[PDB]
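Content type PDB, C-alpha atoms, from the file upload.pdb:
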```pdb
ATOM      1  CA  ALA A   3    -107.458 -39.359  21.006  1.00  0.00           C
ATOM      2  CA  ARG A   4    -106.543 -36.659  23.567  1.00  0.00           C
ATOM      3  CA  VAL A   5    -105.437 -38.455  26.692  1.00  0.00           C
ATOM      4  CA  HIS A   6    -104.780 -36.779  30.023  1.00  0.00           C
ATOM      5  CA  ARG A   7    -103.339 -37.531  33.429  1.00  0.00           C
ATOM      6  CA  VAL A   8    -105.191 -36.191  36.474  1.00  0.00           C
ATOM      7  CA  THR A   9    -102.720 -34.008  38.373  1.00  0.00           C
ATOM      8  CA  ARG A  10    -104.687 -33.505  41.602  1.00  0.00           C
ATOM      9  CA  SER A  11    -107.524 -35.462  43.152  1.00  0.00           C
ATOM     10  CA  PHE A  12    -110.944 -33.837  42.858  1.00  0.00           C
ATOM     11  CA  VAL A  13    -114.372 -34.796  44.163  1.00  0.00           C
ATOM     12  CA  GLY A  14    -117.042 -33.965  41.579  1.00  0.00           C
ATOM     13  CA  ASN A  15    -120.513 -32.569  42.151  1.00  0.00           C
ATOM     14  CA  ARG A  16    -122.547 -35.251  40.401  1.00  0.00           C
ATOM     15  CA  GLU A  17    -125.706 -33.094  40.431  1.00  0.00           C
ATOM     16  CA  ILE A  18    -124.139 -30.904  37.754  1.00  0.00           C
ATOM     17  CA  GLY A  19    -122.395 -33.652  35.836  1.00  0.00           C
ATOM     18  CA  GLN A  20    -118.903 -33.539  37.367  1.00  0.00           C
ATOM     19  CA  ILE A  21    -116.890 -36.699  38.022  1.00  0.00           C
ATOM     20  CA  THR A  22    -114.548 -37.619  40.874  1.00  0.00           C
ATOM     21  CA  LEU A  23    -111.045 -38.598  39.778  1.00  0.00           C
ATOM     22  CA  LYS A  24    -107.870 -39.494  41.635  1.00  0.00           C
ATOM     23  CA  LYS A  25    -104.399 -38.067  41.111  1.00  0.00           C
ATOM     24  CA  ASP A  26    -102.575 -40.004  38.319  1.00  0.00           C
ATOM     25  CA  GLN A  27    -105.720 -41.490  36.872  1.00  0.00           C
ATOM     26  CA  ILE A  28    -105.724 -41.492  33.052  1.00  0.00           C
ATOM     27  CA  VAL A  29    -108.807 -40.302  31.143  1.00  0.00           C
ATOM     28  CA  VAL A  30    -109.764 -39.590  27.552  1.00  0.00           C
ATOM     29  CA  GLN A  31    -111.085 -36.183  26.532  1.00  0.00           C
ATOM     30  CA  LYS A  32    -114.541 -36.045  24.953  1.00  0.00           C
ATOM     31  CA  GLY A  33    -115.174 -32.757  23.076  1.00  0.00           C
ATOM     32  CA  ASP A  34    -113.944 -29.260  23.890  1.00  0.00           C
ATOM     33  CA  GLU A  35    -113.321 -27.359  27.110  1.00  0.00           C
ATOM     34  CA  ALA A  36    -115.671 -24.601  28.247  1.00  0.00           C
ATOM     35  CA  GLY A  37    -115.839 -22.627  31.459  1.00  0.00           C
ATOM     36  CA  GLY A  38    -112.855 -24.401  33.032  1.00  0.00           C
ATOM     37  CA  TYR A  39    -114.256 -27.907  32.600  1.00  0.00           C
ATOM     38  CA  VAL A  40    -114.084 -30.631  30.009  1.00  0.00           C
ATOM     39  CA  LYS A  41    -115.909 -33.924  29.571  1.00  0.00           C
ATOM     40  CA  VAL A  42    -113.694 -36.977  30.076  1.00  0.00           C
ATOM     41  CA  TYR A  43    -114.111 -40.750  29.906  1.00  0.00           C
ATOM     42  CA  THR A  44    -112.535 -43.055  32.499  1.00  0.00           C
ATOM     43  CA  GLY A  45    -113.167 -46.340  30.691  1.00  0.00           C
ATOM     44  CA  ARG A  46    -116.314 -46.853  32.793  1.00  0.00           C
ATOM     45  CA  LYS A  47    -117.954 -43.408  33.283  1.00  0.00           C
ATOM     46  CA  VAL A  48    -118.145 -39.974  31.705  1.00  0.00           C
ATOM     47  CA  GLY A  49    -118.332 -36.576  33.323  1.00  0.00           C
ATOM     48  CA  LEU A  50    -116.992 -33.058  33.635  1.00  0.00           C
ATOM     49  CA  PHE A  51    -113.648 -32.361  35.232  1.00  0.00           C
ATOM     50  CA  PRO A  52    -111.562 -29.164  35.814  1.00  0.00           C
ATOM     51  CA  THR A  53    -109.059 -28.574  33.012  1.00  0.00           C
ATOM     52  CA  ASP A  54    -106.581 -27.116  35.525  1.00  0.00           C
ATOM     53  CA  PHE A  55    -106.240 -30.612  37.025  1.00  0.00           C
ATOM     54  CA  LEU A  56    -105.390 -32.340  33.721  1.00  0.00           C
ATOM     55  CA  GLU A  57    -102.065 -32.701  31.936  1.00  0.00           C
ATOM     56  CA  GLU A  58    -102.017 -34.075  28.424  1.00  0.00           C
ATOM     57  CA  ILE A  59     -99.868 -37.169  27.831  1.00  0.00           C
TER      58      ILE A  59
END
```
Encoding of this model in C-alpha cells:
Amino acid sequence: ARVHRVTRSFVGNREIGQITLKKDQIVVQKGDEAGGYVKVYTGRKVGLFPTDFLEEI
C-alpha cells in the first residue's frame, strides 16, 4: 500500500472527479499518477487529488 499525507488543504472539483482533503489527512493511493493527479482513498470516499499536495509516508 502507498500511503500519503496531504501537505496542503485543497477543495476538489467534484464534477471532474476530484476530492477535497485537509492538510495532514492520510489517504491511500489507488493506481498511478497522470497529469498531476492521482486517485486516492480516504477510508470513506475515492477521488482525484493533486500529487504536488501529497507526501508519501
Report the closest atom pair, with its distance in Å rounded to one decimal, for each residue of stretch 30-51 of chain A that has an atom no farther than 10 Å from stretch 4-13 of chain A; count all atoms listed in the file, sort by chain and then rising residue number, and write it as JSON lines.
```
{"residue": "A:30", "atom": "CA", "partner": "A:5", "partner_atom": "CA", "distance": 4.6}
{"residue": "A:31", "atom": "CA", "partner": "A:4", "partner_atom": "CA", "distance": 5.4}
{"residue": "A:32", "atom": "CA", "partner": "A:4", "partner_atom": "CA", "distance": 8.1}
{"residue": "A:33", "atom": "CA", "partner": "A:4", "partner_atom": "CA", "distance": 9.5}
{"residue": "A:42", "atom": "CA", "partner": "A:6", "partner_atom": "CA", "distance": 8.9}
{"residue": "A:43", "atom": "CA", "partner": "A:5", "partner_atom": "CA", "distance": 9.5}
{"residue": "A:51", "atom": "CA", "partner": "A:12", "partner_atom": "CA", "distance": 8.2}
```
Using C-alpha atoms, can you write the selected residues to a file as a PDB file, in the frame of the given file?
```pdb
ATOM      1  CA  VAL A  30    -109.764 -39.590  27.552  1.00  0.00           C
ATOM      2  CA  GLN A  31    -111.085 -36.183  26.532  1.00  0.00           C
ATOM      3  CA  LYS A  32    -114.541 -36.045  24.953  1.00  0.00           C
ATOM      4  CA  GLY A  33    -115.174 -32.757  23.076  1.00  0.00           C
ATOM      5  CA  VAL A  42    -113.694 -36.977  30.076  1.00  0.00           C
ATOM      6  CA  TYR A  43    -114.111 -40.750  29.906  1.00  0.00           C
ATOM      7  CA  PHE A  51    -113.648 -32.361  35.232  1.00  0.00           C
TER       8      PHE A  51
END
```
- Query: So what do you get for atom CA of residue A:22 versus atom CA of residue A:3, distance-wise?
  - Reply: 21.2 Å
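Among the candidates A:29, A:49, A:35, A:44, the residue lying nearest to residue A:16 is A:49 (atoms considered: all atoms listed in the file).
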- Task: Quick one: pull the distance between atom CA of residue A:17 and atom CA of residue A:59, Å, one decimal.
- Result: 29.0 Å
Take the PyMOL selection byres ((chain A and resi 40) around 7), apply it to the structure above, and return the hits as an mmCIF file with C-alpha atoms, keeping the file's coordinate frame.
```cif
data_model
loop_
_atom_site.group_PDB
_atom_site.id
_atom_site.type_symbol
_atom_site.label_atom_id
_atom_site.label_comp_id
_atom_site.auth_asym_id
_atom_site.auth_seq_id
_atom_site.Cartn_x
_atom_site.Cartn_y
_atom_site.Cartn_z
ATOM 1 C CA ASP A 34 -113.944 -29.260 23.890
ATOM 2 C CA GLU A 35 -113.321 -27.359 27.110
ATOM 3 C CA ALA A 36 -115.671 -24.601 28.247
ATOM 4 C CA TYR A 39 -114.256 -27.907 32.600
ATOM 5 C CA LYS A 41 -115.909 -33.924 29.571
ATOM 6 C CA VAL A 42 -113.694 -36.977 30.076
ATOM 7 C CA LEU A 50 -116.992 -33.058 33.635
ATOM 8 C CA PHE A 51 -113.648 -32.361 35.232
ATOM 9 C CA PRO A 52 -111.562 -29.164 35.814
ATOM 10 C CA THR A 53 -109.059 -28.574 33.012
#
```
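Distance-wise, atom CA of residue A:19 and atom CA of residue A:48 end up 8.7 Å apart.
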With 6 Å of padding per side, what axis-aligned box (centre and edge lengths, Å, one decimal) covers all the listed atoms of stretch 45-52 of chain A? Give it as lines of an AutoDock Vina configuration file.
```
center_x = -114.9
center_y = -38.0
center_z = 33.3
size_x = 18.8
size_y = 29.7
size_z = 17.1
```
